[PDB]
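Residue numbers (the working numbering), protein chains in the order written: chain A, 93 to 511; chain B, 2 to 419; chain C, 34 to 169; chain D, 34 to 169; chain E, -1 to 132. Quick reminder that beta carbons are idealized off the backbone N, C-alpha and C, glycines included. One structure is given below, encoded as structure tokens.
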Amino acid sequence: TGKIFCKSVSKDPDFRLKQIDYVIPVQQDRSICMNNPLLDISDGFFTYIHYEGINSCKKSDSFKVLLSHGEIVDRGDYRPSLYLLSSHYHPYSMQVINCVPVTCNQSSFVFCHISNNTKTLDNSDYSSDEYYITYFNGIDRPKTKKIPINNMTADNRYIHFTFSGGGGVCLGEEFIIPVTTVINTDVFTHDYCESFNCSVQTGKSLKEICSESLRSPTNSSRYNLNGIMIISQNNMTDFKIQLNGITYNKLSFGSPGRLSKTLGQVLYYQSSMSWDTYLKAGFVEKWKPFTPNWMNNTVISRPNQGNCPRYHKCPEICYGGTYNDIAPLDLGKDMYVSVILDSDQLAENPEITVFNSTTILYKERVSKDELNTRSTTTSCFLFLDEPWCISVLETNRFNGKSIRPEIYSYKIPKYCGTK
Amino acid sequence: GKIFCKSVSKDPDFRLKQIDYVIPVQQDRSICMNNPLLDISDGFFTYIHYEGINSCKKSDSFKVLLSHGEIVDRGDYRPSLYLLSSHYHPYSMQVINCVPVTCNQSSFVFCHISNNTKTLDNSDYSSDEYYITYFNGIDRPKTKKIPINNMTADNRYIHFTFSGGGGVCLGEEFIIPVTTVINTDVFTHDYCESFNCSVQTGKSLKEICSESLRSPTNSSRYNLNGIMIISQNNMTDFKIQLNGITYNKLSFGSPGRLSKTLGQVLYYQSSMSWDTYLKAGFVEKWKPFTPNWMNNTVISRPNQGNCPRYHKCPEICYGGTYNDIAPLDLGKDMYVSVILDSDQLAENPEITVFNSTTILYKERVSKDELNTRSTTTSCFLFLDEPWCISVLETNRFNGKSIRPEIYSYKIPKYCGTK
Amino acid sequence: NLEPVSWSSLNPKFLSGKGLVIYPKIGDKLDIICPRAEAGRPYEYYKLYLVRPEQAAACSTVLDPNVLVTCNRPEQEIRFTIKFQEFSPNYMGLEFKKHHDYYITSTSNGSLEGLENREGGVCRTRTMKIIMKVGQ
Amino acid sequence: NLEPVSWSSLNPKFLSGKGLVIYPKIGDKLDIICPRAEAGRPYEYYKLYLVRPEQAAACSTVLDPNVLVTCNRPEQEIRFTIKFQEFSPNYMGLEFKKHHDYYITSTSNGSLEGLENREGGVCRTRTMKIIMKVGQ
Amino acid sequence: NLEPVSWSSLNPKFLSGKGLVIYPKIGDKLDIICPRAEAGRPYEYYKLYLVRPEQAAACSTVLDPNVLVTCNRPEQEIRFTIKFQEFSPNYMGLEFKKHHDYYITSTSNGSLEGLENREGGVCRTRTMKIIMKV
Ligand SMILES: *[C@@H]1O[C@H](CO)[C@@H](O[C@@H]2O[C@H](CO)[C@@H](O[C@@H]3O[C@H](CO)[C@@H](O)[C@H](O)[C@@H]3O)[C@H](O)[C@H]2NC(C)=O)[C@H](O)[C@H]1NC(C)=O
Ligand SMILES: *[C@@H]1O[C@H](CO)[C@@H](O[C@@H]2O[C@H](CO)[C@@H](O[C@@H]3O[C@H](CO)[C@@H](O)[C@H](O)[C@@H]3O)[C@H](O)[C@H]2NC(C)=O)[C@H](O)[C@H]1NC(C)=O
Ligand SMILES: *[C@@H]1O[C@H](CO)[C@@H](O[C@@H]2O[C@H](CO)[C@@H](O[C@@H]3O[C@H](CO)[C@@H](O)[C@H](O)[C@@H]3O)[C@H](O)[C@H]2NC(C)=O)[C@H](O)[C@H]1NC(C)=O
Ligand SMILES: *[C@@H]1O[C@H](CO)[C@@H](O[C@@H]2O[C@H](CO)[C@@H](O[C@@H]3O[C@H](CO)[C@@H](O)[C@H](O)[C@@H]3O)[C@H](O)[C@H]2NC(C)=O)[C@H](O)[C@H]1NC(C)=O
Ligand SMILES: *[C@@H]1O[C@H](CO)[C@@H](O[C@@H]2O[C@H](CO)[C@@H](O)[C@H](O)[C@H]2NC(C)=O)[C@H](O)[C@H]1NC(C)=O
Ligand SMILES: *[C@@H]1O[C@H](CO)[C@@H](O[C@@H]2O[C@H](CO)[C@@H](O)[C@H](O)[C@H]2NC(C)=O)[C@H](O)[C@H]1NC(C)=O
Ligand SMILES: *[C@@H]1O[C@H](CO)[C@@H](O[C@@H]2O[C@H](CO)[C@@H](O)[C@H](O)[C@H]2NC(C)=O)[C@H](O)[C@H]1NC(C)=O
Ligand SMILES: *[C@@H]1O[C@H](CO)[C@@H](O)[C@H](O)[C@H]1NC(C)=O
Ligand SMILES: *[C@@H]1O[C@H](CO)[C@@H](O)[C@H](O)[C@H]1NC(C)=O
Ligand SMILES: *[C@@H]1O[C@H](CO)[C@@H](O)[C@H](O)[C@H]1NC(C)=O
Ligand SMILES: *[C@@H]1O[C@H](CO)[C@@H](O)[C@H](O)[C@H]1NC(C)=O
Ligand SMILES: *[C@@H]1O[C@H](CO)[C@@H](O)[C@H](O)[C@H]1NC(C)=O
Ligand SMILES: *[C@@H]1O[C@H](CO)[C@@H](O)[C@H](O)[C@H]1NC(C)=O
Ligand SMILES: *[C@@H]1O[C@H](CO)[C@@H](O)[C@H](O)[C@H]1NC(C)=O
Ligand SMILES: *[C@@H]1O[C@H](CO)[C@@H](O)[C@H](O)[C@H]1NC(C)=O
Ligand SMILES: *[C@@H]1O[C@H](CO)[C@@H](O)[C@H](O)[C@H]1NC(C)=O
């Protein structure tokens, strides 16, 4: 309803940025790397997840997976505070390939993919793996239920899938979790990619370039397609599981996504890990097929090494990129906020950026010094009738010492140009 | 004493603070306050800047402010600039250039005045006038004309202007940085001619290096850096001498600086030609004016055109930014300077503490993009600790009025504290 | 950011009569890449002058125009980044301000023999003039 | 910052027996420029693989080595910036750490016909291998 | 819906001479949020009057102008939603119609001492007037 804040192009914004340090634990071991953080906020409660590994920051290469439940609380500070309520380690952490958080009805829900094979997505199938829901609330002990993938229905001949993303969504009794699927046949079309007027590589044709750019980079015979999983149930009973693929309109290689409930709509985000290096996001129109109204963003990108750096546009067999959530601020003005990386090819210099689809409105660096950051996530909410946001950054400020993500809270500026 | 961070580290805490009460605030938004200069000596400073109407060019200025002041402890554990006197130059509408010198706890301003804004391209110094304006905290300013007729020169110079960010007082002698004009190639270039770079197909390196010293608007004139030594008997019987800089490692005429620091005399020369690395050094001899040039491989400056940041090879180039340095430790060869972290654009100022061969530590002034055309830095002992004050020719509000900014900061006591 | 402007006789953006007009706002970036060694080996040598509208129409430059950038090297991709701020690291200040006009041309013959030819050249033959009316 | 590495058969830094060794410290920048269209029109097309020392000796790659960057376009300045931080925007993590070894090669035939030849190629013929022992 | 108008002396939309003009069409929502407790604790107390243009220029109100909404509490974010329909749940009807003028101001001193000051106040000092030609 009410929305009072800066909605114009301006400089020197006052986000009133403050870092929160008491939520995420501090490990005494310097060799442990805490990586790939996830955070989902809903109805004043949050669910935080991160991975802990020994001398390696790879996600499935992790011996511990932390699951935190908490609440948003006013401390009279004129700003929202994170109150950590419960903190547990996942019972199958050393076999976790991926997890996705959902805060439903003021409680935490974690959807994880467990496998004996760290390369399960390249040489195995989902019948060989297991998928779990770990759910809990404040001080209650966590309970983990195995998802009956045998009684699962799919809209196509998928051979594998993993929960991959920064968050899911609760609608009534249904959970909607972002998922990346694997299929071993080329069932896709690429009118959007095939319409680009770019230099033709002398080797292959544009139709082949666009077909092949959807392939997995480690199994030339497999294709990674993004989608969603809809799980409806009768109070953890009589599970009904559905697997729907994303629209084939403006396809991009399988990548971690996100679903968020914001402003009465459902926003889907897909990290750009292929040739289209610009922001992939959109609101959900239909659920079958999963059709997000793709944005036409000409100003938001992400860094990456190789043939697809920041602002790269032309179709190319590319793989790589960073995950950088967005959060909508005003539906009518098409405004969004996101912690993006201000570098063409290196993952560094995070900047809080409030932007249009066509212009960047305002921005501020997170750190004055150069800061390594592999991924960011952002969630915004109403607090004291004012728009506040909390972001988590996968940081590496101490090179060689322990790695730990960072949480920042900031407010959208009420007026333009205040410093 | 000399207890501070002397190693490569991240996240330095300079305790940076902006000073706003020193530089006046003009009511007219169309007026541009540009080209600031600041010189600190013995706890007193002299600040100078130009004011113009809808144009930030130095001689295109209708007012030139001259401020004298003092460094004072406010119990803040940091130095504050205390403005004592503030006057406008009596010949502001004719000022081509000025250089500040704080001598004996007083201010001295050495200015070149001319009716012709293009005097350096088509005239000579007999057609122009040169003045010393001097004052302190109590005395009214007095301006005396410099008798260039009674000047002795070490070469056949045809023109000269005081050009630089500051001067130096030694006894009864003033030593002011100056840029001279001469219309014949009397110079040698072993340093430029020794570079092993691709030879451009039009001319050879001896021609390239001879012509790169020429004025870009008078193919017949050459701009050579130097100093002017003015000795006098209490504003009486002036004795003026004009000496050129050493021919070792010559660079096109450009604004320089002389500073009294750490028992030494530091010369700085802005890099406005092809050698884009820091030209600076302590003074060995005075005739010829020989600064012991550094081999700095990490400090440069931005510029558009054929000589951007870190450019080394000789080329007929013109352009650059003025960025003072200040020495911190003589034994460790450490210096500090506010440089511009951009290859071609003048933006993103960064306080940089550096070696001759490595950058030690640095910090951005602003989180947002900031336009900055030139910086000057001066450091001094305060409460037995090293503090520095820098002035930046800023343009943060594009389209509105321009006014420089003053920052004070401390060299970090310990490395990596945030 | 803006679309960079490759400065070569083989660029369509140079309208045959109007040159290349741009309407950049303050705080915009704009690269002016002078071309690399082209495939067909046609070495392109120019010398660009920041100029005034009157002599941009007449296509003549005296000694006062400053050589903004010269396309010396054929192999090296020489370039020229512009931010339309007021302060610029160039000799003679070159304040951009707003709602002004800024004209960039070259008077040079295609090759190095007429590199410093300032009388006529490309300004009228191919009308390779960059005109930048900021604002509007 | 470090010295960029021009990746062409006409680059001297590739020692005929020892390859190109670098001793970078953490937090250094390092570009790997693949060459522009060279003057003599010798079109150079490569495909670079992040590889293991064992497979670096044989100069062969299986499918698990990730195609780090490919030198497709001859005109466009294709590049690859590296900062030796831990976090990198590449698929498969690519943790740099300290006191490790990191080997980069290409198995490709000089032109695009053997662009994806993974058996031998430049890794042994010209020994264009970049080996990076961080530290020391 | 329309862009809400934060009612505080720290709002730029109030042009230094023209106030804040709005051209809403019928059936649009428009909130007028009176500010929360600001960070520096500068308690902002106002009393808003639905007024006529004549006394809106002179910035004076007699007893008949109706106190449209009062910003009593500093902590609680008191607000005021408007739909430009004809019928409104307010005393004195307040018909909006179309092609009319509607002026809202406050004559109050910044603090609670002059909360009910009706003579001058912010209407002329800061020209915080909302003028709505529908
Ligand atoms: C966010 O995107 C919207 C489009 O979805 C942009 O819309 C329009 O952008 C222009 C340019 O900034 C705004 O200014 C107008 O420019 C024209 C140019 O001729 C000028 O004649 C007008 O008087 C006006 O100044 C325009 O107001 C804006 N309109 C709307 C409805 O958004 C918008 O610019 C972007 N955001 C910002 C802050 O620019
Ligand atoms: C790349 O992905 C493809 C597609 O998933 C892999 O091919 C298929 O892998 C399955 C594994 O379940 C093979 O089927 C099984 O093989 C075992 C071997 O004993 C057999 O016991 C089972 O009854 C079943 O047949 C399947 O044959 C194979 N290909 C095809 C065409 O069906 C492939 O292995 C992956 N390669 C790499 C290098 O990752
Ligand atoms: C300032 O310049 C000097 C040279 O004039 C640099 O000298 C030396 O640089 C090395 C490399 O950073 C320093 O560390 C070395 O580390 C290894 C680690 O085992 C050690 O074995 C070496 O013996 C050496 O200590 C070295 O300390 C430094 N020289 C001295 C006398 O300390 C200097 O590094 C530059 N400044 C900084 C802050 O690096
Ligand atoms: C470029 O710089 C040179 C170096 O100063 C300039 O040389 C001088 O130019 C003037 C006129 O431009 C010459 O005129 C002289 O005027 C006096 C007064 O009538 C007369 O007595 C002399 O015999 C002569 O006519 C002057 O000779 C010449 N050289 C010197 C040493 O003064 C040149 O003019 C500058 N060109 C431009 C276009 O700026
Ligand atoms: C981004 O661009 C696409 C392509 O134009 C938009 O999709 C079209 O949206 C318009 C609405 O303005 C419809 O009339 C068209 O039918 C859509 N395209 C097709 C092929 O049906 C999309 O809406 C744009 N995103 C926005 C406006 O947010
Ligand atoms: C461009 O201008 C150059 C100027 O040097 C021309 O080169 C001269 O052309 C004249 C013809 O009028 C010859 O007599 C000279 O021998 C040439 N060289 C010199 C040094 O003067 C050139 O021909 C012009 N046209 C091009 C390069 O296409
Ligand atoms: C009347 O008041 C309105 C109030 O908004 C003015 O509308 C805006 O005025 C500003 C500055 O004058 C412009 O930047 C905006 O573009 C205007 N709004 C729109 C939608 O364009 C308006 O200018 C005033 N005067 C007139 C004659 O309408
Ligand atoms: C495969 O994974 C399941 C996960 O529950 C585990 O129970 C089983 O022991 C694993 N198989 C082997 C051989 O370890
Ligand atoms: C969550 O809220 C919905 C609201 O109708 C309710 O039906 C459901 O039982 C609640 N609990 C869960 C676990 O979804
Ligand atoms: C749902 O199932 C849980 C299982 O622990 C049970 O405690 C609860 O009573 C059931 N009903 C509701 C409404 O939650
Ligand atoms: C000026 O020069 C003359 C002769 O060159 C000399 O005698 C005199 O001492 C000098 N100084 C003054 C102040 O006249
Ligand atoms: C400045 O002080 C020194 C002190 O030695 C003195 O020699 C010199 O004459 C002074 N300058 C004046 C008085 O102008
Ligand atoms: C350039 O010459 C100097 C001195 O002759 C020499 O030391 C240097 O190595 C040369 N440059 C190159 C690239 O060989
Ligand atoms: C000049 O600086 C370079 C930079 O490394 C250095 O190699 C060279 O030895 C220096 N010259 C002298 C005489 O020290
Ligand atoms: C590289 O391998 C291809 C494979 O057929 C071959 O045709 C070509 O001649 C080889 N050599 C090159 C491309 O120089
Ligand atoms: C406003 O009016 C009150 C009425 O009592 C008065 O006390 C006060 O001084 C006035 N001015 C203010 C609050 O600035």
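Chain-order list of residues whose beta-carbon lies under 7 Å from that of residue i (same chain, five-residue window excluded)
i        : result
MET244/A : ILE333, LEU335
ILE96/A  : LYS506
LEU438/A : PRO395
Chain E contact for residue i (CB, 9 Å cutoff)
i        : result
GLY94/A  : yes
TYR428/A : no
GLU478/A : yes
CA-to-CA distance, residue j to residue i, given in whole angstroms
i             : j        : result
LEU61/E       : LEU46/E  : 13 Å
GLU144/A      : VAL194/A : 20 Å
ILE409/A      : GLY295/A : 12 Å
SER199/A      : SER173/A : 18 Å
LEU463/A      : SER352/A : 28 Å
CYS472/A      : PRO420/A : 8 Å
residue 36/A  : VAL67/E  : Nothing can be reported for residue 36/A: it is not among the residues displayed for chain A, which extend from 93 to 511.
residue 170/D : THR487/A : Residue numbering for chain D in the displayed model covers 34 to 169; residue 170/D lies beyond these limits and cannot be assessed.
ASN215/A      : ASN34/D  : 41 Å
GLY91/E       : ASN64/E  : 11 Å
Proximity test, Cβ basis, 9 Å: residue i and chain C
i        : result
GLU110/D : yes
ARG74/D  : yes
Residues near residue i by beta carbon distance below 8 Å, same chain, minus five either side
i        : result
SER144/C : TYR76, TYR78
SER141/D : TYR78, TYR79, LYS80, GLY147, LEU148, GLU149, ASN150, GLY154, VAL155
Test: residue i CB closer than 9 Å to a CB of chain D
i        : result
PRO45/C  : no
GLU222/A : no
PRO37/C  : no
Below-9 Å beta-carbon distance, residue i vs any chain B residue
i        : result
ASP104/A : yes
is_contact[residue i, chain A] using C-beta, thresh 9 Å
i        : result
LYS411/B : no
Checklist entry - Closer than 7 Å from C-beta to any heavy atom of ligand 4: which residues, in chain order? => result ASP122/B, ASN123/B, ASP125/B, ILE159/B, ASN184/B, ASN219/B, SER221/B, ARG222/B, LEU96/C
Checklist entry - Does the count of Cβ pairs from the segment 152 to 169 of chain B and the segment 179 to 190 of chain B closer than 8 Å reach three? => result yes
Item to check | Contact set, ligand 12 heavy atom to C-beta under 7 Å | outcome: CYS104/B, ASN105/B, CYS170/B, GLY172/B, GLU173/B, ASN235/B
Checklist entry - At a cut of 8 Å, does the segment 485 to 503 of chain A reach the segment 106 to 118 of chain A through at least three beta carbon pairs? => result yes
Item to check | Segment contact, 8 Å Cβ cut-off, at least three pairs: the segment 336 to 345 of chain A with the segment 355 to 368 of chain A | outcome: yes
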